[PDB]
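> Dropping the structure in here first, questions after.
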4 protein chains.
Amino acid sequence: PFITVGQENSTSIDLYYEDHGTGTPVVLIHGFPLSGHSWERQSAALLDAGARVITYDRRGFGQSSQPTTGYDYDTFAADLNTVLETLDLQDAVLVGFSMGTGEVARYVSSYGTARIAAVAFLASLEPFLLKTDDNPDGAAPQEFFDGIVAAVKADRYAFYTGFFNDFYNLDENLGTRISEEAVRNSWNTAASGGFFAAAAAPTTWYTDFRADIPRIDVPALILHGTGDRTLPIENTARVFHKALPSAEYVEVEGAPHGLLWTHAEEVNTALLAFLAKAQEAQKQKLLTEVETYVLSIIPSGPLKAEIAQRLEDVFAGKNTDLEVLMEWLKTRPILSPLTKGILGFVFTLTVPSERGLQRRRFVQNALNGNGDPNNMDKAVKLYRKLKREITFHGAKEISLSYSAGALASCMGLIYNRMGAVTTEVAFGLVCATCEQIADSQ
Amino acid sequence: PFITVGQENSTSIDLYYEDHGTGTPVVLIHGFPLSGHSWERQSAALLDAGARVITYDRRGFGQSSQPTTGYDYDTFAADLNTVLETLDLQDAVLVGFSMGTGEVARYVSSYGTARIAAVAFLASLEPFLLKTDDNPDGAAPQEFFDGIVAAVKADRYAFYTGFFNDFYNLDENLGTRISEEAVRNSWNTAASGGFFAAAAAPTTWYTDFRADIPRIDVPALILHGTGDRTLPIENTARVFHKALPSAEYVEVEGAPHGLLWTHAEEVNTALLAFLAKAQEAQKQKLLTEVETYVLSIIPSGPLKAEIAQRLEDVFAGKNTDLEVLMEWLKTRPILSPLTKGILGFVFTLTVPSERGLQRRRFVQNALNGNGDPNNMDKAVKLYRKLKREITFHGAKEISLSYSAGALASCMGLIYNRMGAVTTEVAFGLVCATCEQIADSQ
Amino acid sequence: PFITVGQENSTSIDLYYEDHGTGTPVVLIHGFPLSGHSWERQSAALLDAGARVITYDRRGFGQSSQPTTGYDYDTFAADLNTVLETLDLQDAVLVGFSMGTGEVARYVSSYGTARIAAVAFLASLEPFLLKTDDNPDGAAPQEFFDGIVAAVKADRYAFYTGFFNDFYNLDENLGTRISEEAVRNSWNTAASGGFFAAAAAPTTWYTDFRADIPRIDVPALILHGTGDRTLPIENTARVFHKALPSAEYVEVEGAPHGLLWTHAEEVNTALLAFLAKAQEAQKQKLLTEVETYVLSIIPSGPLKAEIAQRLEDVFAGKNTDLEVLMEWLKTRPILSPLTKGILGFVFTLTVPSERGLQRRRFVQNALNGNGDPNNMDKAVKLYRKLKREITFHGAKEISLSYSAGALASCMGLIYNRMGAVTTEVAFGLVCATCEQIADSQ
Amino acid sequence: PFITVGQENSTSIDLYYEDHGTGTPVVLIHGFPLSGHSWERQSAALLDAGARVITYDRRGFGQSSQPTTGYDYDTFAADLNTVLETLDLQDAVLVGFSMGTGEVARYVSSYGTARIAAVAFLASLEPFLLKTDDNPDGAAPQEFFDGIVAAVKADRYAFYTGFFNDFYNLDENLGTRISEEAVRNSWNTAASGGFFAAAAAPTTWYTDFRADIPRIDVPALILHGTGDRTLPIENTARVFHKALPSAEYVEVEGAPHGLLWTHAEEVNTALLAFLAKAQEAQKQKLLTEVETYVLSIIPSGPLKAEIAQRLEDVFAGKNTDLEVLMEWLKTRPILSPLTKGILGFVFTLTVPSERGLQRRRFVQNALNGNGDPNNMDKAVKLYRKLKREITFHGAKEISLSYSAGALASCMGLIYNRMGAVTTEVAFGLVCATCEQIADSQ
């Protein structure tokens, strides 16, 4: 798969990307000189843990186009921007490794955290690698980087070999934490990047990210290997944490630069924990928003108390007997049959286990759009559009452009499994409906 | 990026290509069994020297499609034709290495040199490799080539190994001029070409190019390694130069077949020397053409003598005091303010150094399209199109479709730096303007 | 030229008007029985002094329609209203002579001073001409005016003769301050007004303007001839100044009623003195307003202090070395290149002398709309509309309907002299831009 | 009637014009400070002699608008251009008197003689009135003109009096060649021009017309009064004739500047002669063009000889017996009935006297469009458009856009007097028809 990010002469500039799983989106931004596939140990864990995994190959690397332009962090951040906008990612986690940590800082800094729930920096460049008068903690002098450029231009093929040596601490880790075959694959991946990008990349490494850091808005993780020969932990992660005290901070004891493979565990467990903390809060946010919309249609009173208590309990995960819940709703006075259908729908959708219970007649009758063909026609039209939605707000926005009869019919269509959409999209549908109905009062 | 060159059964035949830099187009045609990426040492130099670099992968190789049809030099030349026409290349240099030198000869021969400024043959097949009665200087008998085909069909993978041995003179050059890793990359590239192309390619090697050579119209370079084990310099470059005495001719002392890598600097230097001469000639042509258009609007007389002398001098590179030049123009009688603005524009554009001189009021006033909004509207439209142009003639052609008022306004727009285009495109703009104005007289 | 002010039976009622020069609008309202052309000595001076001169012929006079309705000051003031609204006059000076001074008072009184910067009363009717019990200072009894009406109805032609006698003090001024031919022209003008208007006009002369005077809001001038036989200075200008002490007050020694011609230089000088003060105040206001908009985009701090000081100084007329000013701006830290371009533009526009300095590259680059063709397209569209504007607010209003990119491009267009607009219109453009940019923050 | 020539602030600039008679257009351009009505003695003669008379009032004079802009010969010539284009005048005579002679020279010079058959200069400004070093024959120094401006600004009313004195040589001509009443009317006309134009006009009088004169392409007349006190014949007409030897040249013995009235006879007789010479040639041109179109449809042979002889004779004015002519045509073999109808039409149209002969059945039958309703429908449509045409080429151009059936039907419509058009328009119709028919062969 490709996303086009620009044009170079007669050719467009396309980034290779992958898009796996379902759930909260996690975007992984690889390091030099590798590709999105270098995250494969992390991707597997995130997929098992229930996240949507997005990887892409930076321009000049892996399967992306290989221009001779745009090798700088503003372009790289603009590239990332295009990806996020193209996929309409909401509530995303951005995880960068090495070079990738430059994208994370520069994007957050320039474009803000509108789509972004949390960030993570692994084997970071930050805050500035260039050793100057005003930057004493810098890791190396300018002449040092000039050196790498010269070395890559001389042979890049040979260069990759010595690079992966220190990248992986092969003198320590070969035959132990990394196989000879895994290293061979890495070299092949590097050899496959563009010649121009290979020599141009090292010039972006001493980008000054010092003014980007105060812009970091959302929860952050900083993770570094203490045996990092490529980015000395003392000039990078340790001074970065002083600049962002707020960041959660993890040192991987004796881990090299290429800790994604050698210490995938410690990485994946820690990354997993970070996702886990981010994910539950996001889920809670989703649950409570739904609740306000659902409650907005119910008349104020003690019933509205019983209903809200029940929502909150199933939302907290207390598996309730849906059969008991549904009978209660069914037999509630005052509530309109429409209202009971909406609640009926919400509860079956959110309850931990449906326990093989059949659909309820009172709900099917409540959500049938009065069996009106125009309602049903529009509901089918909305359904088509909702299949393309992946977020709560996108779903809710498109739904609000339809009449309440059509919305109720659409809900029946999903309820009865005549169509299927993602959970968060279904929430947006029922919330648009509640919004429309509440507004009629 | 791809260019489609044909159809095979249900599939189209697409050639992988790249398009880097800006300036005079240089098209690099790779050898067997490698791809456009084998030129990476040359590409870097050409890019630094300020050329537009085009590479593509021959059908059956690198990232191009892998048909089982069209393995012959007429098809290969037709493939090249499609590339050149698709990109609308003007004033291009064609550089072939090994197999690629067959494309260069056959295209020039059949399609002529309309788009082509110069040609270069590196490690050439020419003039005929087959040793016959009528071709005594041929390098080998037919049975020898029949042998290679049989060897590739037997194992191609194993075959590439012994091939790169002699291709690179690895017994001499390994660890010295070529690394083991660079060789590994080459084998990977070869292993990635199509099985059918691998066995079919060697049949095209003894194509008789003897009738193609007299067709070579434009300046040429012949370059060969004297240690070439693959194409014996005595049966190829040395008899080729006798057939084309006119060619500039360079022997690389003890260089193998794969001299692009092993002797890449020297090869790159040679390319610069040829590109540098071709570029200088092209620049001189551009100065000469621009000049005729510019002179066409001036009334015949002694002033027209002073003006032409001045153009020629700045065009020759005599850095003149633009401030002095501009005052002179400004104060010239007879010349219309329009004419003075056009000349004003040309001189600031072509003078070696502007010496931080501010724009001139007499020119801004002359090139303002009479402050007419429709002129300015069209000038902005033209500007958009000119941003996409890279050649003098393409620019001039599109410009001539606009009125003189709009053209003058566009020139003011560039003059005043409200927009930017490449130099040759700017020349096309001012020349279209002169052409339109001259035609009004 | 005509402005339609009403309908009489099958015919519309149209006022003849003229509209000359550029600059601050000055509206001249003639006396009985003459037309807008009676101001010709004043018009010439005002035109030379750099004002926009508007004249019109009151209904029933000169080249206006000659209805038999609407001969009263409310209608006359409504007529004037229609003129001012039709032309969208802003910041106008209203100058009335004789009858015209009734329009000035009644319009200001009823419609307010929204469009009006200053007023002038020459040979005024004010405050009330009718001699009554409650108006002891009145110039004549009712029976006296009844007399004039009767005289005009008897012969108006013969009547004009004796009228111009006292109107001009011909016994004193003929052959001296007024020629016989100038008097002949006056009679011809009068003979050309409508018969009905001639007899109906004198009934409007004893209109009580006593309640209109407290409504005079803006700076005023009262000017009267001490030899006025038509409107005794003692019953008119002298008691009017007591009612409006605030008015600037000028007696023309031995000047008759028709002092516009006989003492035209002195009257013209007086107009220049008032126009000159009003113009200077208006200019100061413009400097003050422009300044707030310009300052609104600059970050608060010491630089903002240096900038404001400089604006104020050039605005006060301290001719500053623009070259020095521009270098300072150019080299200022913190300020965005956009901001520097806007300031660059403002300073070159307001500095007393540009001293033949060329345009600055930093400004041209700052105001180029990013060389975007859509910006430039809209900027050209805006420019067309701005050519039709004559006021700061009209310009600013139309400009605010365009995006900031298009506005910046338009400014570059003017800066680079690719188009031209009046100064106040240019101010409106740069102020709309500042407003748009400030609002983005 | 008005023609709009521009815009001043909120008002358009309209020129008052008149358009009298039918025949060859003669455009009269008045002098300072008078209007188109000053030509009334000439207009009457030209109308009696059978010409179309066009007069207009220069901006600032007579009944034209009175702007404070555009008082210069390029604007005045542009004004004239607009008039000629607005009325689509073809084959026009331009006659200027005094100031008007500046329009004639400047228009011819800049716009060329495309619409213009002949020119006439009466009491000319030419070639340059300013007395300089390079212009020794100039009539006065710059300080002299500066003087007139100052005098007009001082009083223009009084000024006109002394001006008409010398304008008319009233000391010689009053009560003799000009009445006191005629002079009174002149002053009234002048007093009615705009104040601004009166003072601005004299600045245009020393315009250098020396480079305009070589541009005079067409037959010219120069006419001057030897008693001209306003434009000394020695600095104007006499040096002008040296610059244009080719001009027909007439001195009116002891005639003043205002010779149009005082010597209308000598003027009108001479002008009449000039028109008479121009008119006959134009008529001959019209006759011979018609003939080629008419002959183009006839087969080559002796009949074509008889026909051509006859056309030429009636065209030369030999009144022929149309009855005899028509019978001859009617009874001619070979000629198609269509052809006979066309000739029938032409002859009745061009014959001096029809002698009360009834329309011919053979022609009515020939020109009936086959009684086809679509033909007739289009013919009626064409007729509507032809009523708006006044020239041969305009008529012929619009006619050629119709089919031959429709054209023939239209001709029948005119032939049968069911509609009426001017002679030259009718010629264009029959010529378009002949052109269409000839093209079918």
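Indices start at 1 and increase along the chain as displayed.
Backbone N, Cα and C atoms are what each Cβ position is placed from, and that goes for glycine too.
In case it helps, Swiss-Prot gives these features for our protein:
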ACT_SITE  D:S98  active site
ACT_SITE  D:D228  active site
ACT_SITE  D:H257  active site
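OK, the PDB entry features for this one:
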SEQADV    D:278-285  linker
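Show me how these features fit into the shown structure, please.
Applying an 8 A CB threshold to same-chain residues 6+ apart, the list for D:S98 (active site) reads D:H30, D:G31, D:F32, D:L122, D:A123, D:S124, D:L125, D:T230, D:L231, D:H257.
Cβ environment of D:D228 (active site): D:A123, D:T236, D:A255, D:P256, D:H257, D:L259 lie under 8 Å away, each six or more residues apart in the same chain.
D:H257 (active site) falls outside any helix or strand according to DSSP and counts as coil.
Helix, strand and coil content of the linker (D:278-285), in residues and according to DSSP, is 8 helix, 0 strand, 0 coil.
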> Work out the three-state DSSP category of D:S98 (active site).
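The three-state answer is coil.
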> Across all chains shown, how many C-beta atoms besides its own are within 10 angstroms of the C-beta of D:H257 (active site)?
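24, counting other Cβ atoms within 10 Å of D:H257 (active site).
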